[PDB]
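Chemist: I'd like to ask some things about the structure below.
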Amino acid sequence: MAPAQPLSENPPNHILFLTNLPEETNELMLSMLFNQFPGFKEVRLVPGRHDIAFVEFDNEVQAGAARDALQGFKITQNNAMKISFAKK
């Protein structure tokens with residue numbers, strides 16, 4: 001219940017890897033959505049999958065900007081997309 005401990009240290013992180021974002025979605029799509037951000041560094045969305053997104057954004061302000069921009073991509077209409085920072 002909200003402990004006063006130094007829990008987590010990397011956050012906010014600038015690498016968001018996860019899936020749950022398919023539906024003819026693609027690499028130039030996610031590359032332009034990720035492109036929106038000057039942080040546009042790594043974009044991995046392309047196998048038969050078209051549903052596993054690996055986004056490396058120069059910095060977390062821009063990774064956080066992209067993530068906060070599409071922070072609830074209702075694929076949930078079947079599934080709410082899942083993007084998980086490279087928390088380590």
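Quick note on naming: the chains in the structure tokens go A, B, ... in the order shown, residues restart at 1 in each chain, and ligands are numbered from 1 in order of appearance.
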Within 9 Å of range 52-59 of chain A, counting only C-alpha atoms, which residues qualify if same-chain residues fewer than 6 places away don't, as a VMD selection string?
Modeler: chain A and resid 13 to 22 27 30 34 37 to 46 66 82 to 83 85
Chemist: Please, could you write that set of residues out with N, CA, C and O atoms as a compact mmCIF listing (two decimals), in the first residue's frame?
Modeler:
# COMPACT_ATOMS: atom_id res chain seq x y z
N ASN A 13 11.54 4.21 -18.63
CA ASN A 13 12.43 3.54 -19.64
C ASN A 13 12.15 3.97 -21.07
O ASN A 13 11.06 4.44 -21.35
N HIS A 14 13.06 3.85 -22.00
CA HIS A 14 12.83 4.27 -23.40
C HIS A 14 12.76 3.12 -24.41
O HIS A 14 13.06 3.33 -25.58
N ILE A 15 12.40 1.91 -24.04
CA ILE A 15 12.32 0.72 -24.95
C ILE A 15 11.02 0.00 -24.53
O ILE A 15 11.01 -0.51 -23.46
N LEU A 16 10.04 0.03 -25.40
CA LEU A 16 8.71 -0.61 -25.11
C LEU A 16 8.44 -1.72 -26.15
O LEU A 16 8.27 -1.54 -27.34
N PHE A 17 8.47 -2.94 -25.59
CA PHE A 17 8.36 -4.21 -26.28
C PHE A 17 7.12 -4.92 -25.68
O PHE A 17 7.02 -5.00 -24.50
N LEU A 18 6.28 -5.31 -26.57
CA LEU A 18 5.13 -6.06 -26.18
C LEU A 18 4.31 -6.20 -27.44
O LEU A 18 4.74 -5.83 -28.50
N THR A 19 3.25 -6.83 -27.27
CA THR A 19 2.38 -7.17 -28.35
C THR A 19 0.96 -6.95 -27.89
O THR A 19 0.73 -6.49 -26.81
N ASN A 20 0.15 -7.23 -28.75
CA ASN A 20 -1.35 -7.08 -28.65
C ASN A 20 -1.75 -5.93 -29.59
O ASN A 20 -2.65 -5.16 -29.38
N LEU A 21 -1.06 -5.80 -30.68
CA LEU A 21 -1.32 -4.71 -31.68
C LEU A 21 -1.14 -5.25 -33.09
O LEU A 21 -0.16 -5.03 -33.76
N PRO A 22 -2.13 -5.97 -33.52
CA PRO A 22 -2.24 -6.62 -34.84
C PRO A 22 -3.39 -5.91 -35.59
O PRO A 22 -3.68 -4.79 -35.25
N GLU A 27 4.88 -2.43 -40.00
CA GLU A 27 6.13 -1.72 -39.70
C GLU A 27 6.16 -0.27 -40.19
O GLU A 27 6.65 0.56 -39.48
N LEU A 30 3.63 1.50 -37.72
CA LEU A 30 4.24 1.73 -36.39
C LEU A 30 5.48 2.57 -36.54
O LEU A 30 5.93 3.27 -35.67
N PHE A 34 5.67 5.80 -34.72
CA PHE A 34 6.89 5.93 -33.84
C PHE A 34 7.75 7.09 -34.38
O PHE A 34 8.49 7.72 -33.65
N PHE A 37 7.63 10.87 -33.34
CA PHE A 37 8.68 11.17 -32.29
C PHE A 37 10.11 11.24 -32.83
O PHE A 37 10.59 10.37 -33.55
N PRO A 38 10.79 12.31 -32.47
CA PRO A 38 12.19 12.52 -32.91
C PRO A 38 13.07 11.37 -32.33
O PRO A 38 14.17 11.09 -32.73
N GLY A 39 12.51 10.72 -31.33
CA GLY A 39 13.18 9.58 -30.62
C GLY A 39 13.16 8.29 -31.47
O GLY A 39 13.80 7.35 -31.06
N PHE A 40 12.45 8.35 -32.54
CA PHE A 40 12.30 7.21 -33.50
C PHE A 40 13.64 6.51 -33.69
O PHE A 40 14.42 6.93 -34.49
N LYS A 41 13.85 5.45 -32.93
CA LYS A 41 15.14 4.74 -33.06
C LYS A 41 15.04 3.29 -33.49
O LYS A 41 15.68 2.89 -34.46
N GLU A 42 14.28 2.47 -32.85
CA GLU A 42 14.11 1.03 -33.17
C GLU A 42 12.59 0.79 -33.28
O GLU A 42 11.88 1.33 -32.48
N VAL A 43 12.23 0.02 -34.25
CA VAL A 43 10.84 -0.34 -34.57
C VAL A 43 10.86 -1.75 -35.18
O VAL A 43 11.41 -2.01 -36.23
N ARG A 44 10.27 -2.62 -34.44
CA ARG A 44 10.22 -4.07 -34.81
C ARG A 44 8.74 -4.50 -34.78
O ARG A 44 8.25 -4.76 -33.71
N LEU A 45 8.19 -4.51 -35.94
CA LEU A 45 6.77 -4.90 -36.19
C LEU A 45 6.67 -5.40 -37.62
O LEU A 45 6.46 -4.56 -38.50
N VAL A 46 6.86 -6.68 -37.90
CA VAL A 46 6.86 -7.05 -39.32
C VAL A 46 6.65 -8.51 -39.67
O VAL A 46 6.30 -8.75 -40.83
N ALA A 66 5.05 8.68 -27.31
CA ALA A 66 4.42 7.68 -28.21
C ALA A 66 3.52 6.76 -27.40
O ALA A 66 2.35 6.52 -27.70
N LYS A 82 -0.53 -4.33 -25.72
CA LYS A 82 0.41 -4.52 -24.60
C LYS A 82 1.83 -4.16 -25.14
O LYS A 82 2.26 -4.83 -26.05
N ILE A 83 2.32 -3.14 -24.50
CA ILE A 83 3.64 -2.48 -24.72
C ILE A 83 4.28 -2.38 -23.31
O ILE A 83 3.74 -1.76 -22.44
N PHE A 85 7.73 -1.57 -21.48
CA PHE A 85 9.10 -0.94 -21.43
C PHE A 85 10.16 -1.99 -21.19
O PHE A 85 9.88 -3.05 -20.64
Chemist: What gap, in Å, lies between CA of residue 68 in chain A and CA of residue 6 in chain A?
Modeler: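 Pair CA of residue 68 in chain A / CA of residue 6 in chain A returns 24.1 Å.
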Chemist: Could you tell me, as an MDAnalysis selection string, which residues of chain A DSSP assigns to alpha helix (DSSP H) when given the backbone?
Modeler: chainID A and resid 27:35 60:69
Chemist: Compare A:69, A:23, A:10, A:64 by their minimum atom-to-atom distance to residue 49 in chain A, counting only C-alpha atoms, and give me the closest one.
Modeler: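 Result for the nearest residue to residue 49 in chain A: A:23.
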Chemist: With distances taken over only C-alpha atoms, which of A:5, A:51, A:78, A:11 is nearest to residue 26 in chain A?
Modeler: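 Smallest distance to residue 26 in chain A is found for A:51.
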Chemist: Can you measure CA of residue 75 in chain A to CA of residue 48 in chain A for me? One decimal in Å is fine.
Modeler: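 Going from CA of residue 75 in chain A over to CA of residue 48 in chain A, I get 17.2 Å.
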Chemist: Per DSSP on the backbone, filter range 9-52 of chain A down to the residues in strand (DSSP E or B) and report them as a list in words.
Modeler: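 Here is the list: residues 15, 16, 17, 18, 19, 40, 41, 42, 43, 44 and 52 of chain A.
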Chemist: I need the chosen residues saved as a tab-separated table (two decimals), in the first residue's frame, with C-alpha atoms.
Modeler:
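Produced file result19.tsv, reproduced below:
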chain	number	residue	atom	x	y	z
A	15	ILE	CA	12.32	0.72	-24.95
A	16	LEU	CA	8.71	-0.61	-25.11
A	17	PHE	CA	8.36	-4.21	-26.28
A	18	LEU	CA	5.13	-6.06	-26.18
A	19	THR	CA	2.38	-7.17	-28.35
A	40	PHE	CA	12.30	7.21	-33.50
A	41	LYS	CA	15.14	4.74	-33.06
A	42	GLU	CA	14.11	1.03	-33.17
A	43	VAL	CA	10.84	-0.34	-34.57
A	44	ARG	CA	10.22	-4.07	-34.81
A	52	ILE	CA	4.79	-7.88	-31.70
Chemist: Please, what distance in Å, to one decimal, runs between CA of residue 2 in chain A and CA of residue 62 in chain A?
Modeler: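 Value for the CA of residue 2 in chain A-CA of residue 62 in chain A distance: 27.5 Å.
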Chemist: With distances taken over only C-alpha atoms, which residue among A:81, A:24, A:61, A:72 lies nearest residue 12 in chain A?
Modeler: A:61
Chemist: My list of candidates is A:32, A:1, A:63, A:7. Which is closest to residue 86 in chain A when distances are computed with only C-alpha atoms?
Modeler: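 Among the listed residues, A:63 lies closest to residue 86 in chain A.
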